[PDB]
Amino acid sequence: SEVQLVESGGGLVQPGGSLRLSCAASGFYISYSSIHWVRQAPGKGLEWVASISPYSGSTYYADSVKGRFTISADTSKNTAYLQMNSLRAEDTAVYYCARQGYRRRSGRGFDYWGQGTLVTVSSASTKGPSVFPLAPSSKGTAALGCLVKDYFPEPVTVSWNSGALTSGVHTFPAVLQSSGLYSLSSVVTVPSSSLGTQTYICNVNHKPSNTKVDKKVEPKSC
Amino acid sequence: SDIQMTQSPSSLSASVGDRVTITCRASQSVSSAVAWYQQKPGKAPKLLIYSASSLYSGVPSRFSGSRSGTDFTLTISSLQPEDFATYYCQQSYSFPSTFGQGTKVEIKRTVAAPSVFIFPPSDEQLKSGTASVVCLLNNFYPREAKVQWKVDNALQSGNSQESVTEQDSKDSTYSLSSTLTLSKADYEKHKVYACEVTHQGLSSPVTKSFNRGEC
RNA sequence: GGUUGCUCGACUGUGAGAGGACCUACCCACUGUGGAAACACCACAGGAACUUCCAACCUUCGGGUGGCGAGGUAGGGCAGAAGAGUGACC
């Protein structure tokens, strides 16, 4: 099917400020369905936010946002909007968009979801990651990686060899440095033989900063 | 007043091919306006059951919903490894809509000892005055592990941080990255940096280590 | 002048269990299914039950057909009718 949902308009936002999340509908027209926003604070659970009703434009709000958020839809643009004013820290989340399916088929279930846009209410300013190389050693497979240090806000993305190296790769979840910044590291394992002949580059992208870094990871120099 | 969805357990470890029952209890009658979702890390939710008992198009038959009064129960007759997921109930019988706090499921496999490596801080880093030592515990299970940093045989404390991967749904295992962090000055004070792993698969605590400077 | 038939009739009525079902149009409603539909808009089916009624149609006078939102607002139906007449008869 072509049925798709595309969120956009999230990111770092100061407390007290405003955003407007957009949701772009592809495989279906939103005018015949009910459309709902659902958020999820990091590593917390799903929280229902607002919804609007087909044929009536009736809007219903979670009470934790009532009077600070407003839901809406433009039929023509087959888009649904979400205006978030006077945001606070706890508004931080991935904000998902979902289609309540057609009653005859899926009852009141939410049968298609977007990939969600991440909203990051804080005053601390954006910084991009210094990227350092985790060099391998002796003792038939060894491991090498990259250290993605002291960035903010989430997310960064790591790929190896421009995505050509996918197998054996573990990009750890960021942890929160006491600087408030993020650090994380990615690691791949490879048979020791490839060391001298195989170029190994990690690719690090932190869009909030517009930072793209490519760090060639080579063995011990001596 | 808000209908509450109170779902238990918070978490569930089980074997492949077990039966797993997740329960949700609506604070008020919600008829059968209950639906069940499967959410795997970083992915958006997926629909499983929609009229408390009705299997969504394409969902495996091993899943099934059920109402009994205001008690709703999802039920996987036999776990497959892929079924690793946090599961949520939702009530859509009134407004505001409401979700359960969700139930994180885990695979279960035989024991796998951690592969262990240790990484000395990169030369670029030390120039900028920072010094991170990284220790890696690879592809092990069960995840409960104890990492201990010793600097010149001094157990460290409060200067390490670790993060853990989810269960590789194909592997059903875990990986961990414990990172010791110091000022360049504190780093240059000690020769030996050692990372002491204790795990059930290891009959003896494995230590990888290095000396500052060795090529 | 009684009495009583015949006609025009101001106006009042439509009576709820020991007893209220007349018609039509608007509005306004109450309840469920359905409309790509949790509310709103729409179409449709329905106003607990047992009963009571026939203002309505049909009848071979045996009985049959059809019919309920006690919501308003109007036009009518059916029932009275104060008054007008108007006869017959005493």
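Parameters at a glance
- Residues numbered from 1 in each chain as written, not as in the entry; some residues may be left out.
- Chains lettered and ligands numbered in written order.
- Heavy atoms only, no water.
- Contact = heavy atoms within 4.5 Å.
- Buried area = accessible area lost by both parts, 1.4 Å probe.
- Salt bridge = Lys/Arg side-chain N within 4 Å of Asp/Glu carboxyl O.
- Polar contact = N/O pair within 3.5 Å; in protein donor to acceptor, adjacent residues only side chain to side chain.
- Domains from an automatic or database assignment.
- Nonpolar A, V, L, I, M, F, W, Y, C, P; charged D, E, K, R; others polar.
- Patch = residues over 30% accessible without salt bridge, like charges linked within 9 Å, V, L, I, M, F, W, Y side chains within 5 Å.
- Areas by Shrake-Rupley, 256 points an atom, 1.4 Å probe, with all protein chains shown as cover.
- Helix = DSSP H or I, 4+ residues; strand = E, 2+ residues; numbered from the N terminus.
- Disulfide = S-S within 2.5 Å.
- Buried < 20%, exposed > 50% of the residue type's maximum accessible area, 1.4 Å probe, protein only.

Determination of this PDB entry was carried out by X-ray crystallography to a resolution of 3.17 Å, according to the record.

1. Some thoughts on the interface of chain B and chain A
As a measure of interface size, the accessible area lost when the parts come together is often cited. Counting from both sides, the interface comprises 40 residues of chain B and, opposite them, 48 residues of chain A. A buried area of about 3600 Å², summed over both sides, lies between chain B and chain A, and 64% of it is on carbon and sulfur atoms. A per-residue breakdown of the area chain B buries against chain A is headed by B:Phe95, B:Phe99 and B:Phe119, which together make up 16% of the total. Remark: the boundary between chain B and chain A carries 1 salt bridge. Notably, a salt bridge pairs B:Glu124 with A:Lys215, separated by 2.7 Å at the nearest N-O pair. Applying the counting rule to chain B against chain A returns 9 residue pairs in polar contact.

2. Comments concerning the domain arrangement of chain B
Residues and elements named next belong to chain B. One can read the domain layout of chain B as domain 1 (5-108) and domain 2 (115-210). For domain 1 versus domain 2, the separation of C-alpha centres amounts to 37 Å. Of the roughly 590 Å² buried where domain 1 meets domain 2, counting both sides, 55% is carbon and sulfur surface. It is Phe84, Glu106 and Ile107 in domain 1 that bury the most area against domain 2; as a group they hold 66% of the surface buried on that side. Applying the counting criterion to the domain 1 and domain 2 interface returns 1 salt bridge. With a closest N to O distance of 3.1 Å, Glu106 and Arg143 form a salt bridge. Connecting domain 1 to domain 2 are 3 residue pairs in polar contact. Grouping the constituent residues of the side of domain 1 that touches domain 2 by class yields 4 nonpolar, no polar and 2 charged.

3. Notes on a nonpolar patch on the surface
Residues A:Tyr29, A:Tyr32, A:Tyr55 and A:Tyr102 make up a contiguous nonpolar surface patch of about 570 Å² in total accessible area. Inspection of the secondary structure assignment puts A:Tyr102 in the loop between strand 9 (93-100) and helix 1 (103-106).

4. Description of the state of the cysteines
Throughout the structure, instances matching the rule amount to 4 disulfides over all chains. Disulfide partner of A:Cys23: A:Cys97, at an S-S distance of 2.0 Å. On the sign convention where negative means left-handed, the S-S torsion of about -90° between A:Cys23 and A:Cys97 marks this disulfide as left-handed. A residue pair is termed long-range when its members are at least 10 positions apart, and A:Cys23 in strand 3 (residues 19-25) and A:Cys97 in strand 9 qualify at 74 residues. With relative accessibility at 3%, the residue A:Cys23 sits in the buried group. Classification of A:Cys97 by relative accessible area gives buried; the value is 1%. In this model B:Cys135 forms its disulfide with B:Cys195; the gap between the sulfur atoms is 2.0 Å. Given an S-S torsion of about -85°, the disulfide between B:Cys135 and B:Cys195 has left-handed geometry. Residue B:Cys135 is found in strand 12 (residues 130-140), and its partner B:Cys195 is found in strand 17 (residues 192-198); the two are separated by 60 residues along the sequence.

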